[PDB]
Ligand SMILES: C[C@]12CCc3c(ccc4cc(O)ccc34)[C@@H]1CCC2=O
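Take a look at this single chain, the form solved without equilenin (EQU), given in structure tokens.
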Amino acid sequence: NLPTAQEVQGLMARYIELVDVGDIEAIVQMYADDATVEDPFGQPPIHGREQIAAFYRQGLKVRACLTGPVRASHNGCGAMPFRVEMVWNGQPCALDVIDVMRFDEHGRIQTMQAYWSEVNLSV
């Protein structure tokens, strides 16, 4: 069903758990089959599970953690602040990001937008 505010908080927290462990197959399954992803926002979106799996496989030694609570509305939308830590060519860096997600009538991510740019990178 369309996730309630409480369900949206749980789903988005799970998403960060999956990104942290790096379970690409579990991440891809959270998305609707025809979902779109705009990461970083401003860049053209990728559509469908195939392109989404490719995107995550490429992106994922990475650890992610929520840096604040998940803000959720009553219409299946949520926004959350988090940090991603990686090692860019020997040198370890961090990225502060805010994801905005809209879930569908089935509890799957219909659309995801990630807000960040170089101003949010620490290398």
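Numbering starts at 1 and runs along the sequence shown.
Novice: Check the residues of the deposited sequence separating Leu60 from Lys61 and report how many of them have no coordinates, as none, 1 to 3, 4 to 9, or 10 or more.
Specialist: 1 to 3 residues are missing.
Novice: Averaging CA B factors per stretch from the PDB record, which one is higher: 63-71 or 83-91?
Specialist: Taking the mean B-factor of the alpha carbons in each, 83-91 is higher.
Novice: Would 43-51 or 29-37 have the larger average of its C-alpha temperature factors, as given in the entry?
Specialist: The entry gives the higher C-alpha B-factor average to 43-51.
Novice: What third of the chain, by the recorded C-alpha B-factor, contains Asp20?
Specialist: Within its chain, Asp20 is a middle-third residue by C-alpha B-factor, going by the deposited values.
Beyond the structure shown, there is the form solved in complex with equilenin (EQU), which is absent from this document and is the topic of what follows.
Novice: Label the site open or blocked after overlaying equilenin (EQU) from its pose in the bound PDB entry onto the shown form by the C-alphas around the site (blocked when 3+ ligand atoms sit within 2.4 Å of backbone or C-beta).
Specialist: Site status open, zero atoms under the 2.4 Å cut.
Novice: Counting any non-hydrogen atom inside 4.5 Å, which residue from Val28, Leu95, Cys77, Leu66 sits next to equilenin (EQU) in the bound PDB entry?
Specialist: When equilenin (EQU) is considered in the bound PDB entry, the option within 4.5 Å is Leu95.
Novice: Is there any non-hydrogen atom of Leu11 lying within 4.5 Å of equilenin (EQU) in the bound PDB entry?
Specialist: No, no contact at 4.5 Å.
Novice: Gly59 near equilenin (EQU) in the bound PDB entry, any heavy atom under 4.5 Å?
Specialist: Taking the distances in the bound PDB entry, the answer for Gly59 is yes, it comes within 4.5 Å of equilenin (EQU).
Novice: Can you check whether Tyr15 is within 4.5 Å of equilenin (EQU) in the bound PDB entry, heavy atom basis?
Specialist: Yes, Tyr15 lies within 4.5 Å of equilenin (EQU) in the bound PDB entry.
Novice: Is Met86 close enough to touch equilenin (EQU) in the bound PDB entry, meaning at least one heavy atom pair within 4.5 Å?
Specialist: Yes, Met86 is a contact residue.
Novice: Can you name the residues of 21-41 that have a non-hydrogen atom within 4.5 angstroms of equilenin (EQU) in the bound PDB entry?
Specialist: Residue within 4.5 Å: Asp39 only.
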